[PDB]
Amino acid sequence: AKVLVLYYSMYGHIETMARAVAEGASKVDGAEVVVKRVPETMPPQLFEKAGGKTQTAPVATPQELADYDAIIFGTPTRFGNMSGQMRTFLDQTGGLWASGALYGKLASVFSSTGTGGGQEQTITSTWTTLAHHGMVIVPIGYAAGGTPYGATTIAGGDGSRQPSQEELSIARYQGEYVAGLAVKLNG
Amino acid sequence: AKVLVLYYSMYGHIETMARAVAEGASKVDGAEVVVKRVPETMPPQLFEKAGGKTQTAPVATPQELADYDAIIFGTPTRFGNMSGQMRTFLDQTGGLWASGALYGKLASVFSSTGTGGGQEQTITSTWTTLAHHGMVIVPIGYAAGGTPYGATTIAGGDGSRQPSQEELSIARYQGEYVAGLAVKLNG
Amino acid sequence: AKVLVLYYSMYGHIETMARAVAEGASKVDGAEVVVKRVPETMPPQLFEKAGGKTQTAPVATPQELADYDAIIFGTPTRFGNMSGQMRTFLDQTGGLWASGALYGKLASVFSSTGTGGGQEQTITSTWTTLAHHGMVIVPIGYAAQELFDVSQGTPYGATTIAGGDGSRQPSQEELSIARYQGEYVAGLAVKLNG
Amino acid sequence: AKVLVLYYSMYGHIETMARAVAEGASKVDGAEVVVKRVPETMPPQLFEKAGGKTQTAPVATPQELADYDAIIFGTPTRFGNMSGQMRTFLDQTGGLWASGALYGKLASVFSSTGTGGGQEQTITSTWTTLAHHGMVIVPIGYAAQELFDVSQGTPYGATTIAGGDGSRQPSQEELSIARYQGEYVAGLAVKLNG
Ligand SMILES: Cc1cc2nc3c(=O)[nH]c(=O)nc-3n(C[C@H](O)[C@H](O)[C@H](O)COP(=O)(O)O)c2cc1C
Ligand SMILES: Cc1cc2nc3c(=O)[nH]c(=O)nc-3n(C[C@H](O)[C@H](O)[C@H](O)COP(=O)(O)O)c2cc1C
Ligand SMILES: Cc1cc2nc3c(=O)[nH]c(=O)nc-3n(C[C@H](O)[C@H](O)[C@H](O)COP(=O)(O)O)c2cc1C
Ligand SMILES: Cc1cc2nc3c(=O)[nH]c(=O)nc-3n(C[C@H](O)[C@H](O)[C@H](O)COP(=O)(O)O)c2cc1C
């Protein structure tokens, strides 16, 4: 089964989580794992002014999402929604929608946040879009700051540092668990 | 694989939908289907005053939910949430939660509504509880009044009549599709 | 303006928060503040065996919600929804809905959780119902620090952590935010209604 | 009171609804009403090829949102969320968030959909962001029939159906509800701010 970890990061928190998700997924024998990012939509000079961390993962196209049995989506919490970049990207998947291309495939969501709240709403509002595509939605439940909706990191914004070891463990779990389901369903 | 259709109905709309869901599930060779209701919490005299339709399906206990590979939950739209009866029932599943008993099992949701709106919020707010239990959430997507979140019936409240043939077809689809996934995952 | 703080509590956490909300509301001259609870639905023997806490607040009826200008709703988080007791109570507001009785009145929500997870969904899923009644929804955002009586969460409404075992009590930081919510909502109620 | 109707539209459906909202708002004496759009993010050539509609409204900046008492946000439904254009615009409100600039101001939301599905989630997921800014959320409920200029949906905000092919235009029933929303929000804005 093929697993895509697909993410948006501006300051590297989701980037770090994505690597952990992918490590977890790669523990599953039957699973082929790939990590890609959605495009940055901000002009590089605006990204740099804002202090962004340049992302180097390969860039996904909207249409290649069809190639995978499971897609694990990472986004920062942006006032309780996914980022504009992820939203712009998903707004480009209309052509898949029309064809059923993601129907029945597994979807799961991870996030990162400051200490203001909103991470639950980010994850569940991202589910909604995934449901329009007919994707099967995988929460993490009581595996575990924490939500049962998906892994999170609390990045205590500004002088910000880094995901905790416990946070990265839960992120690894989410990838291992999603990948295991993907192999059960698809070989 | 074992499939439970679990529902709450006061005026029979969800009752009618549940039968359709179960017909759909029963089309799947590997699937064993059972229909049960959550208890009515209103005193019978209060139910009758309100014009309720007496429900006769067997009553589920909260703990027997553990026996099934997939659970398809039906609730009327009540101001954009599940009914108090379904909420009281799910509030009794704490003992399962604690043990992981529903973790990884499939969950899906259907609803009924008047013409006021709220059906989307009823379905997605019910998902949230299912996620706390670690259940895998199955939307219906573009199979289809309609929502991709789950089957609905628009019961145009008062002088109310009945689910449409197209509505009942989508409800059958939801059971067939959920049951098919349950057999893929569990035999 | 008349402000109702309407709550459900099994183990006292929301009760403590309700009292805080009401204290904040009472700071507003011209706000008349009342605290009531929704009925317990569990048999008393079961409530007692479970260690539920007895409470002095008067029990609300659904009808009387019409008599206020603002209603601040408190509920524990039950798997990311309001409690079955609050849901069952709100399901008895159909007659009010049909007459418009709560339309345009102010509404706000507070919660409690064991370990954090779900609190945002509890608050926003309760907003849904408030919107069907046409109530004006008041989130708390991140208010100016000087408006809190303790020097310092969610923007959706005040919350408290009860711990995994239920033994934690609300901190003065948490209670300060609850007091702020009541004062802020009551302030708006008087601005709109005298 | 100053009321901003701030919208995104690709094919004109939300533009038509915005104009309706503004017409309703303008009925309130003392309400100063302004309509602006968020910037298009697609390259113009791609917008044109896709059949996007050109529009006269002035383009808003994020900063100027601070200058209003009420903001009524319009967005098409994009898989049950606001559009990437509105999301990208709101993600540029961090400086306003940090200064409190929108706190306590009134907010309300309207939408459009192709075939119905998702509209409720678009509106309530936009409320989330408004709450992070501490805005007072105004749903429309089911208002008294006599307040609509056409004799007669969701309670969360006005909506319109564009059809599967995008060719449907908003009905006078739908537009009446949009006009109501603007008049009702503007009325509240003047009650609160003069
Ligand atoms: C536009 C904007 C909105 C934000 N909204 C929230 C929020 O609602 N709650 C929160 O706690 N943090 C919020 N933050 C902080 C980010 O979620 C946080 O810094 C996250 O760790 C960044 O992930 P990244 O490094 O992958 O970009 C927001 C940041 C931005 C830029
Ligand atoms: C307390 C209450 C709340 C209601 N809320 C809504 C609503 O938000 N939107 C709606 O369109 N209908 C609403 N209705 C109507 C019911 O969803 C509808 O009648 C449904 O078909 C009943 O299903 P049942 O026959 O299975 O009870 C509500 C009804 C009740 C009693
Ligand atoms: C059925 C049930 C479900 C619960 N779900 C959650 C949950 O989703 N998240 C959580 O952190 N705590 C949860 N709790 C813990 C409660 O939120 C906690 O008991 C409550 O906040 C206490 O408030 P009270 O003392 O006013 O009853 C749950 C408790 C029960 C009984
Ligand atoms: C990426 C995308 C996703 C969409 N998702 C939905 C949907 O979830 N539900 C729906 O009914 N229509 C959906 N539509 C149709 C739009 O909501 C419709 O084009 C929009 O309401 C038109 O408003 P406008 O003319 O102002 O752009 C979608 C359109 C696009 C381009």
# chains A, B, ... in the order shown; residues from 1 in each chain; ligands from 1

call {"tool": "calpha_fit_and_write", "arguments": {"fixed": "chain D", "moving": "chain C", "output": "JSON list (two decimals) with C-alpha atoms, in the first residue's frame"}}
result
[["chain", "number", "residue", "atom", "x", "y", "z"],
["C", 1, "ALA", "CA", -21.59, 52.67, 12.80],
["C", 2, "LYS", "CA", -19.36, 51.46, 9.94],
["C", 3, "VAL", "CA", -20.32, 48.13, 8.32],
["C", 4, "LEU", "CA", -17.97, 46.31, 5.89],
["C", 5, "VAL", "CA", -19.28, 43.67, 3.58],
["C", 6, "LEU", "CA", -16.11, 41.72, 2.70],
["C", 7, "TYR", "CA", -16.36, 38.98, 0.11],
["C", 8, "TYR", "CA", -14.74, 36.51, -2.22],
["C", 9, "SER", "CA", -16.47, 35.47, -5.51],
["C", 10, "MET", "CA", -15.13, 33.59, -8.54],
["C", 11, "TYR", "CA", -18.31, 33.37, -10.66],
["C", 12, "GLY", "CA", -20.40, 36.22, -9.26],
["C", 13, "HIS", "CA", -22.82, 34.36, -6.95],
["C", 14, "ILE", "CA", -21.34, 35.73, -3.71],
["C", 15, "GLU", "CA", -20.94, 39.13, -5.44],
["C", 16, "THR", "CA", -24.68, 39.24, -6.06],
["C", 17, "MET", "CA", -25.34, 38.17, -2.47],
["C", 18, "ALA", "CA", -22.88, 40.86, -1.16],
["C", 19, "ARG", "CA", -24.80, 43.52, -2.95],
["C", 20, "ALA", "CA", -27.96, 42.27, -1.35],
["C", 21, "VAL", "CA", -26.40, 42.23, 2.11],
["C", 22, "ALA", "CA", -25.28, 45.80, 1.55],
["C", 23, "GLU", "CA", -28.70, 46.93, 0.38],
["C", 24, "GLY", "CA", -30.22, 45.59, 3.56],
["C", 25, "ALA", "CA", -27.52, 47.21, 5.75],
["C", 26, "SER", "CA", -28.10, 50.56, 4.00],
["C", 27, "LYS", "CA", -31.70, 50.59, 5.19],
["C", 28, "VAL", "CA", -30.42, 51.33, 8.73],
["C", 29, "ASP", "CA", -30.11, 55.05, 9.45],
["C", 30, "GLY", "CA", -26.73, 55.74, 10.91],
["C", 31, "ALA", "CA", -25.07, 52.71, 9.22],
["C", 32, "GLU", "CA", -22.32, 53.58, 6.84],
["C", 33, "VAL", "CA", -21.92, 50.62, 4.47],
["C", 34, "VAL", "CA", -18.92, 49.68, 2.36],
["C", 35, "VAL", "CA", -18.40, 46.66, 0.02],
["C", 36, "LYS", "CA", -14.96, 45.22, -0.70],
["C", 37, "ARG", "CA", -13.48, 42.03, -2.07],
["C", 38, "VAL", "CA", -10.46, 40.01, -1.08],
["C", 39, "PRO", "CA", -7.77, 39.66, -3.72],
["C", 40, "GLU", "CA", -7.85, 36.97, -6.32],
["C", 41, "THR", "CA", -4.89, 34.63, -5.88],
["C", 42, "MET", "CA", -5.12, 32.83, -9.29],
["C", 43, "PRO", "CA", -3.06, 34.24, -12.23],
["C", 44, "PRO", "CA", -5.46, 36.36, -14.32],
["C", 45, "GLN", "CA", -4.98, 34.20, -17.38],
["C", 46, "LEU", "CA", -6.08, 31.11, -15.40],
["C", 47, "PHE", "CA", -8.99, 33.01, -13.85],
["C", 48, "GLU", "CA", -10.15, 34.06, -17.34],
["C", 49, "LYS", "CA", -9.77, 30.59, -18.88],
["C", 50, "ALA", "CA", -11.87, 29.23, -15.99],
["C", 51, "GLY", "CA", -14.60, 31.77, -16.82],
["C", 52, "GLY", "CA", -14.15, 33.82, -13.70],
["C", 53, "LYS", "CA", -16.11, 36.98, -13.38],
["C", 54, "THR", "CA", -14.52, 40.46, -13.29],
["C", 55, "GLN", "CA", -15.79, 42.78, -10.51],
["C", 56, "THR", "CA", -15.93, 46.42, -9.67],
["C", 57, "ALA", "CA", -15.59, 46.24, -5.93],
["C", 58, "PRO", "CA", -12.45, 47.72, -4.42],
["C", 59, "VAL", "CA", -9.86, 45.28, -3.05],
["C", 60, "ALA", "CA", -9.55, 45.24, 0.73],
["C", 61, "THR", "CA", -6.34, 45.22, 2.66],
["C", 62, "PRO", "CA", -6.19, 43.23, 5.89],
["C", 63, "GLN", "CA", -5.39, 46.34, 7.93],
["C", 64, "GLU", "CA", -8.43, 48.23, 7.04],
["C", 65, "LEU", "CA", -10.71, 45.63, 8.76],
["C", 66, "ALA", "CA", -9.84, 47.50, 12.00],
["C", 67, "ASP", "CA", -11.76, 50.55, 10.80],
["C", 68, "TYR", "CA", -15.23, 48.96, 10.98],
["C", 69, "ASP", "CA", -17.75, 48.18, 13.69],
["C", 70, "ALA", "CA", -19.21, 45.16, 11.94],
["C", 71, "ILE", "CA", -17.86, 42.89, 9.20],
["C", 72, "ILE", "CA", -20.11, 40.58, 7.17],
["C", 73, "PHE", "CA", -17.98, 37.92, 5.39],
["C", 74, "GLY", "CA", -19.02, 36.23, 2.19],
["C", 75, "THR", "CA", -17.44, 33.12, 0.72],
["C", 76, "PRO", "CA", -18.34, 30.31, -1.64],
["C", 77, "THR", "CA", -18.37, 26.77, -0.18],
["C", 78, "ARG", "CA", -15.17, 24.96, -1.12],
["C", 79, "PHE", "CA", -15.53, 21.35, 0.12],
["C", 80, "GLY", "CA", -17.20, 22.67, 3.31],
["C", 81, "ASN", "CA", -14.64, 25.33, 4.07],
["C", 82, "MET", "CA", -14.20, 29.00, 3.04],
["C", 83, "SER", "CA", -12.29, 29.55, -0.23],
["C", 84, "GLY", "CA", -8.48, 29.48, -0.39],
["C", 85, "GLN", "CA", -8.66, 33.23, -1.25],
["C", 86, "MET", "CA", -10.56, 34.12, 1.90],
["C", 87, "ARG", "CA", -8.39, 31.80, 3.99],
["C", 88, "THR", "CA", -5.17, 33.33, 2.61],
["C", 89, "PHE", "CA", -6.58, 36.83, 3.31],
["C", 90, "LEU", "CA", -7.57, 35.97, 6.89],
["C", 91, "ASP", "CA", -4.14, 34.41, 7.47],
["C", 92, "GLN", "CA", -2.81, 37.96, 6.91],
["C", 93, "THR", "CA", -4.72, 39.27, 10.00],
["C", 94, "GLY", "CA", -2.09, 38.25, 12.57],
["C", 95, "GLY", "CA", -1.09, 41.83, 13.28],
["C", 96, "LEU", "CA", -4.70, 42.75, 13.92],
["C", 97, "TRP", "CA", -5.07, 39.73, 16.17],
["C", 98, "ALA", "CA", -2.09, 40.74, 18.28],
["C", 99, "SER", "CA", -3.36, 44.28, 18.82],
["C", 100, "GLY", "CA", -6.95, 43.32, 19.61],
["C", 101, "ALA", "CA", -8.15, 45.23, 16.63],
["C", 102, "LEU", "CA", -11.26, 43.24, 15.86],
["C", 103, "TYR", "CA", -12.16, 42.27, 19.41],
["C", 104, "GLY", "CA", -15.83, 42.74, 20.29],
["C", 105, "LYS", "CA", -16.82, 43.85, 16.80],
["C", 106, "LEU", "CA", -19.79, 42.18, 15.15],
["C", 107, "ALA", "CA", -19.28, 39.43, 12.57],
["C", 108, "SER", "CA", -21.67, 37.54, 10.36],
["C", 109, "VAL", "CA", -21.26, 35.13, 7.41],
["C", 110, "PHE", "CA", -23.01, 34.29, 4.06],
["C", 111, "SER", "CA", -22.24, 31.63, 1.49],
["C", 112, "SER", "CA", -23.06, 30.03, -1.81],
["C", 113, "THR", "CA", -22.92, 26.42, -2.94],
["C", 114, "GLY", "CA", -23.31, 24.38, -6.17],
["C", 115, "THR", "CA", -25.70, 21.79, -4.78],
["C", 116, "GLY", "CA", -26.19, 22.40, -1.01],
["C", 117, "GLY", "CA", -23.67, 20.11, 0.55],
["C", 118, "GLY", "CA", -21.18, 21.77, 2.79],
["C", 119, "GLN", "CA", -22.76, 25.13, 3.26],
["C", 120, "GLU", "CA", -23.31, 24.68, 7.00],
["C", 121, "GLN", "CA", -19.74, 23.68, 7.55],
["C", 122, "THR", "CA", -18.45, 26.64, 5.52],
["C", 123, "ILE", "CA", -20.30, 29.08, 7.72],
["C", 124, "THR", "CA", -19.43, 27.50, 11.08],
["C", 125, "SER", "CA", -15.79, 26.92, 10.16],
["C", 126, "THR", "CA", -15.53, 30.61, 9.28],
["C", 127, "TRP", "CA", -17.10, 31.47, 12.71],
["C", 128, "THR", "CA", -14.12, 29.68, 14.29],
["C", 129, "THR", "CA", -11.69, 32.21, 12.93],
["C", 130, "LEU", "CA", -13.94, 35.15, 13.82],
["C", 131, "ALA", "CA", -13.94, 33.83, 17.44],
["C", 132, "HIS", "CA", -10.11, 33.77, 17.56],
["C", 133, "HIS", "CA", -10.35, 37.51, 16.88],
["C", 134, "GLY", "CA", -12.93, 37.85, 19.62],
["C", 135, "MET", "CA", -15.69, 38.94, 17.32],
["C", 136, "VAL", "CA", -19.37, 38.68, 18.32],
["C", 137, "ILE", "CA", -20.98, 36.15, 16.02],
["C", 138, "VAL", "CA", -24.35, 36.88, 14.52],
["C", 139, "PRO", "CA", -26.35, 33.93, 13.12],
["C", 140, "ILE", "CA", -29.64, 34.60, 11.36],
["C", 141, "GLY", "CA", -31.78, 31.90, 12.98],
["C", 142, "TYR", "CA", -35.23, 31.81, 11.51],
["C", 143, "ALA", "CA", -36.35, 35.46, 11.68],
["C", 144, "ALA", "CA", -39.93, 36.68, 11.93],
["C", 145, "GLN", "CA", -41.45, 36.34, 8.41],
["C", 146, "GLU", "CA", -42.56, 39.96, 8.32],
["C", 147, "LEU", "CA", -38.96, 41.16, 8.42],
["C", 148, "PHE", "CA", -38.25, 39.67, 4.94],
["C", 149, "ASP", "CA", -39.11, 41.88, 1.96],
["C", 150, "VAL", "CA", -40.33, 38.82, 0.01],
["C", 151, "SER", "CA", -43.00, 36.57, 1.62],
["C", 152, "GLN", "CA", -41.45, 33.04, 2.04],
["C", 153, "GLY", "CA", -31.95, 27.42, 4.16],
["C", 154, "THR", "CA", -29.91, 27.64, 7.27],
["C", 155, "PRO", "CA", -29.94, 29.50, 10.49],
["C", 156, "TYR", "CA", -26.22, 30.10, 10.32],
["C", 157, "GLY", "CA", -26.22, 32.71, 7.53],
["C", 158, "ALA", "CA", -27.72, 33.45, 4.13],
["C", 159, "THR", "CA", -26.99, 31.04, 1.31],
["C", 160, "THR", "CA", -27.68, 30.60, -2.42],
["C", 161, "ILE", "CA", -27.58, 27.66, -4.78],
["C", 162, "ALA", "CA", -25.49, 28.08, -8.00],
["C", 163, "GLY", "CA", -26.40, 24.70, -9.41],
["C", 164, "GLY", "CA", -24.19, 21.89, -10.51],
["C", 165, "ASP", "CA", -23.13, 23.91, -13.62],
["C", 166, "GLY", "CA", -22.90, 27.22, -11.88],
["C", 167, "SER", "CA", -25.57, 28.71, -14.06],
["C", 168, "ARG", "CA", -28.26, 29.40, -11.47],
["C", 169, "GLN", "CA", -28.57, 32.98, -10.16],
["C", 170, "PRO", "CA", -29.80, 33.82, -6.66],
["C", 171, "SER", "CA", -33.59, 33.88, -6.34],
["C", 172, "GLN", "CA", -35.51, 36.79, -4.87],
["C", 173, "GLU", "CA", -36.29, 34.51, -1.87],
["C", 174, "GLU", "CA", -32.57, 33.92, -1.27],
["C", 175, "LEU", "CA", -31.69, 37.52, -1.85],
["C", 176, "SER", "CA", -34.41, 38.66, 0.62],
["C", 177, "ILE", "CA", -32.72, 36.59, 3.32],
["C", 178, "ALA", "CA", -29.34, 38.20, 2.43],
["C", 179, "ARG", "CA", -30.95, 41.65, 2.64],
["C", 180, "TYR", "CA", -32.41, 40.72, 6.03],
["C", 181, "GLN", "CA", -28.97, 39.63, 7.29],
["C", 182, "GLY", "CA", -27.42, 42.93, 6.36],
["C", 183, "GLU", "CA", -30.27, 44.98, 7.87],
["C", 184, "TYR", "CA", -30.25, 42.92, 11.10],
["C", 185, "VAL", "CA", -26.44, 43.12, 11.52],
["C", 186, "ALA", "CA", -26.36, 46.82, 10.73],
["C", 187, "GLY", "CA", -29.15, 47.44, 13.20],
["C", 188, "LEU", "CA", -27.10, 45.74, 15.93],
["C", 189, "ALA", "CA", -24.04, 47.72, 14.91],
["C", 190, "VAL", "CA", -25.87, 51.04, 15.37],
["C", 191, "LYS", "CA", -27.39, 49.88, 18.70],
["C", 192, "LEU", "CA", -23.89, 49.17, 20.00],
["C", 193, "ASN", "CA", -21.85, 51.99, 18.42],
["C", 194, "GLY", "CA", -24.19, 54.78, 17.44]]

call {"tool": "select_by_dssp", "arguments": {"residues": "chain C", "states": "strand (DSSP E)", "output": "PyMOL selection string"}}
result
chain C and resi 2-7+32-37+70-76+106-112+136-137

call {"tool": "write_last_selection", "arguments": {"atoms": "N, CA, C and O atoms", "output": "compact mmCIF listing (two decimals), in the first residue's frame"}}
result
# COMPACT_ATOMS: atom_id res chain seq x y z
N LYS C 2 -31.41 41.14 32.30
CA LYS C 2 -31.42 39.89 33.05
C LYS C 2 -30.48 38.85 32.41
O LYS C 2 -30.57 38.63 31.22
N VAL C 3 -29.55 38.31 33.20
CA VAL C 3 -28.55 37.38 32.75
C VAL C 3 -28.78 36.08 33.50
O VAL C 3 -28.72 36.06 34.78
N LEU C 4 -28.93 34.96 32.77
CA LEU C 4 -29.08 33.63 33.34
C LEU C 4 -27.84 32.82 33.12
O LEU C 4 -27.35 32.80 32.00
N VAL C 5 -27.23 32.27 34.17
CA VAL C 5 -26.16 31.37 34.03
C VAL C 5 -26.78 30.00 34.22
O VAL C 5 -27.26 29.67 35.33
N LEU C 6 -26.82 29.17 33.18
CA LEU C 6 -27.57 27.93 33.14
C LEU C 6 -26.59 26.81 32.93
O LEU C 6 -25.79 26.87 31.98
N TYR C 7 -26.48 25.88 33.87
CA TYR C 7 -25.43 24.89 33.81
C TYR C 7 -25.79 23.45 34.10
O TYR C 7 -26.87 23.16 34.68
N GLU C 32 -28.96 42.01 36.28
CA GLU C 32 -29.56 41.17 37.28
C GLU C 32 -29.19 39.75 36.95
O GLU C 32 -29.63 39.20 35.92
N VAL C 33 -28.43 39.08 37.83
CA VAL C 33 -27.88 37.75 37.54
C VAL C 33 -28.49 36.64 38.33
O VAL C 33 -28.68 36.76 39.56
N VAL C 34 -28.82 35.54 37.66
CA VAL C 34 -29.48 34.40 38.23
C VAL C 34 -28.72 33.14 37.82
O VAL C 34 -28.36 33.03 36.63
N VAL C 35 -28.47 32.20 38.72
CA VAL C 35 -27.87 30.90 38.42
C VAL C 35 -28.81 29.74 38.58
O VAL C 35 -29.40 29.58 39.64
N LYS C 36 -29.01 28.90 37.55
CA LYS C 36 -29.81 27.73 37.62
C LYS C 36 -29.18 26.56 36.94
O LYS C 36 -28.29 26.76 36.08
N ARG C 37 -29.59 25.34 37.31
CA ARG C 37 -29.06 24.13 36.75
C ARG C 37 -30.12 23.44 35.94
O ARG C 37 -31.32 23.60 36.21
N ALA C 70 -29.75 37.53 28.27
CA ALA C 70 -28.50 36.83 27.97
C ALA C 70 -28.53 35.53 28.73
O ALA C 70 -29.00 35.48 29.88
N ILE C 71 -27.99 34.46 28.13
CA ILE C 71 -27.91 33.15 28.74
C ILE C 71 -26.50 32.64 28.55
O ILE C 71 -25.99 32.53 27.41
N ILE C 72 -25.83 32.31 29.67
CA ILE C 72 -24.46 31.78 29.56
C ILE C 72 -24.53 30.33 29.99
O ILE C 72 -24.91 30.00 31.17
N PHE C 73 -24.28 29.38 29.08
CA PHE C 73 -24.46 27.94 29.20
C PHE C 73 -23.19 27.25 29.60
O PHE C 73 -22.13 27.46 29.00
N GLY C 74 -23.24 26.49 30.72
CA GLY C 74 -22.13 25.68 31.09
C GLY C 74 -22.37 24.19 31.03
O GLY C 74 -23.42 23.66 31.49
N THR C 75 -21.42 23.45 30.46
CA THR C 75 -21.51 22.02 30.32
C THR C 75 -20.16 21.39 30.40
O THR C 75 -19.21 21.91 29.79
N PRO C 76 -20.06 20.21 31.11
CA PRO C 76 -18.83 19.41 30.90
C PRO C 76 -18.70 18.92 29.46
O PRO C 76 -19.72 18.79 28.74
N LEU C 106 -28.43 37.32 23.75
CA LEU C 106 -27.00 36.97 23.81
C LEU C 106 -26.80 35.59 24.42
O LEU C 106 -27.48 35.18 25.40
N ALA C 107 -25.85 34.83 23.92
CA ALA C 107 -25.49 33.52 24.35
C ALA C 107 -23.99 33.36 24.41
O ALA C 107 -23.24 33.90 23.63
N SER C 108 -23.52 32.62 25.42
CA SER C 108 -22.11 32.38 25.56
C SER C 108 -21.97 31.02 26.27
O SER C 108 -22.91 30.56 26.90
N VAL C 109 -20.82 30.38 26.13
CA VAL C 109 -20.63 29.01 26.61
C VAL C 109 -19.28 28.82 27.37
O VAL C 109 -18.27 29.33 26.95
N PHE C 110 -19.33 28.03 28.45
CA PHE C 110 -18.13 27.59 29.20
C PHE C 110 -18.16 26.09 29.43
O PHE C 110 -19.22 25.46 29.39
N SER C 111 -16.98 25.50 29.68
CA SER C 111 -16.88 24.06 29.74
C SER C 111 -15.83 23.62 30.76
O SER C 111 -15.19 24.42 31.39
N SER C 112 -15.74 22.31 30.87
CA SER C 112 -14.76 21.67 31.73
C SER C 112 -14.41 20.36 31.03
O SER C 112 -15.22 19.76 30.32
N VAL C 136 -27.29 35.54 19.54
CA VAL C 136 -26.02 36.20 19.24
C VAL C 136 -24.94 35.58 20.06
O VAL C 136 -25.11 35.51 21.28
N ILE C 137 -23.96 34.97 19.42
CA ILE C 137 -22.93 34.19 20.04
C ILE C 137 -21.77 35.03 20.44
O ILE C 137 -21.10 35.65 19.67

call {"tool": "interface_residues", "arguments": {"of": "chain B", "to": "chain C", "cutoff": "8 Å", "atoms": "only C-alpha atoms", "output": "PyMOL selection string"}}
result
chain B and resi 78-81+83-89+91+121+125+128-130+132

call {"tool": "write_last_selection", "arguments": {"atoms": "C-alpha atoms", "output": "CSV table (one decimal), in the first residue's frame"}}
result
chain,number,residue,atom,x,y,z
B,78,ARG,CA,-31.9,18.3,17.0
B,79,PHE,CA,-30.8,22.0,16.6
B,80,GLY,CA,-27.7,20.7,14.7
B,81,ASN,CA,-26.7,18.1,17.3
B,83,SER,CA,-30.8,13.9,20.1
B,84,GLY,CA,-30.6,13.9,23.8
B,85,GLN,CA,-31.4,10.2,23.8
B,86,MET,CA,-28.5,9.4,21.6
B,87,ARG,CA,-26.3,11.7,23.7
B,88,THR,CA,-27.4,10.1,27.0
B,89,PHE,CA,-26.7,6.7,25.5
B,91,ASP,CA,-22.5,9.2,27.7
B,121,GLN,CA,-23.7,19.7,11.9
B,125,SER,CA,-20.8,16.6,15.8
B,128,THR,CA,-16.5,13.9,17.1
B,129,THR,CA,-17.7,11.4,19.8
B,130,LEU,CA,-16.9,8.5,17.6
B,132,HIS,CA,-12.9,10.0,21.0

call {"tool": "residues_near_ligand", "arguments": {"ligand": "ligand 2", "cutoff": "8 Å", "atoms": "only C-alpha atoms and all ligand atoms", "output": "JSON, numbers by chain"}}
result
{"B": [8, 9, 10, 11, 12, 13, 14, 15, 16, 52, 53, 75, 76, 77, 78, 79, 80, 81, 83, 111, 112, 113, 114, 115, 116, 117, 118, 119, 153, 154, 155, 156, 157, 158, 160], "C": [90, 91, 92, 93, 94, 129, 132]}

call {"tool": "interface_residues", "arguments": {"of": "chain B", "to": "chain A", "cutoff": "6 Å", "atoms": "only C-alpha atoms", "output": "list in words"}}
result
residues 131, 132, 133, 134, 136, 137, 138, 139, 140, 141 and 148 of chain B

call {"tool": "closest_residue", "arguments": {"among": "A:109, A:187, A:96, A:178", "to": "ligand 4", "atoms": "only C-alpha atoms and all ligand atoms"}}
result
A:96

call {"tool": "select_by_dssp", "arguments": {"residues": "segment 55-153 of chain A", "states": "alpha helix (DSSP H)", "output": "PyMOL selection string"}}
result
chain A and resi 84-90+94-99+119-132

call {"tool": "residues_around", "arguments": {"residues": "residue 29 of chain A", "least_positions_apart": "3", "cutoff": "10 Å", "atoms": "only C-alpha atoms", "output": "list in words"}}
result
residues 1, 25, 26, 32, 179, 180 and 183 of chain A

call {"tool": "write_last_selection", "arguments": {"atoms": "N, CA, C and O atoms", "output": "tab-separated table (two decimals), in the first residue's frame"}}
result
chain	number	residue	atom	x	y	z
A	1	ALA	N	0.88	-1.23	0.00
A	1	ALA	CA	0.00	0.00	0.00
A	1	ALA	C	0.88	1.24	0.00
A	1	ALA	O	2.00	1.22	0.54
A	25	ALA	N	4.99	5.33	9.64
A	25	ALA	CA	4.45	4.63	8.51
A	25	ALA	C	5.43	3.59	7.96
A	25	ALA	O	5.03	2.48	7.60
A	26	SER	N	6.71	3.97	7.93
A	26	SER	CA	7.77	3.07	7.37
A	26	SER	C	8.07	1.87	8.19
A	26	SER	O	8.69	0.90	7.67
A	32	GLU	N	4.63	1.59	1.45
A	32	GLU	CA	5.57	2.43	0.72
A	32	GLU	C	5.27	3.87	1.06
A	32	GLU	O	4.18	4.35	0.71
A	179	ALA	N	-0.73	3.51	8.21
A	179	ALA	CA	-0.10	2.63	7.28
A	179	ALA	C	-0.53	1.21	7.46
A	179	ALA	O	-0.74	0.51	6.46
A	180	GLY	N	-0.70	0.77	8.70
A	180	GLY	CA	-1.18	-0.58	8.98
A	180	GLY	C	-2.57	-0.79	8.41
A	180	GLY	O	-2.90	-1.85	7.84
A	183	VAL	N	-2.37	-1.14	4.52
A	183	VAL	CA	-1.98	-2.48	4.12
A	183	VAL	C	-3.09	-3.48	4.36
A	183	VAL	O	-3.31	-4.38	3.52
